[PDB]
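S.K.: My sequence and its experimental structure, below.
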Amino acid sequence: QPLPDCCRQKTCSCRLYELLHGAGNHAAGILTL
């Protein structure tokens, strides 16, 4: 039932935080003023 450990079984929220930090070239460029 717990299903694959998706970051503390948080529904795999890391998925969004992954593309945001890893493939977030668009987000980083904006976070750098």
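M.R.: Yep, it's here. Numbers count the residues shown, from 1 in each chain.

S.K.: drop to CA atoms for contacts and neighbour counts, all remaining ones
M.R.: Noted.

S.K.: Helices of this structure, residue ranges please.
M.R.: Counting by DSSP state H, the chain forms helices over residues 14-21, 25-31, given from the N-terminal end onward.

S.K.: CA atoms of the shortest one as CSV?
M.R.: Read it as helix 25-31. What follows is helix 25-31 as a C-alpha-only set of coordinates in CSV (Å, rounded to 0.1, in the frame of the first residue of the first chain):
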residue,chain,number,x,y,z
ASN,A,25,17.0,26.8,-15.9
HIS,A,26,14.0,29.1,-16.3
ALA,A,27,13.4,29.4,-12.5
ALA,A,28,17.0,29.8,-11.5
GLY,A,29,17.6,32.5,-14.1
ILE,A,30,14.8,34.5,-12.5
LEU,A,31,15.9,33.7,-8.9
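
S.K.: count of neighbours near the residue found closest to residue 7 once you drop the neighbours it is linked to in the chain?
M.R.: Taking Cα to Cα, 6 or more residues apart in numbering, and ignoring the residues beside it in sequence, residue 7 has residue 14 as its nearest neighbour in space, at 6.6 Å. Residue 14 is flanked by 14 other residues according to other Cα atoms under 10 Å.
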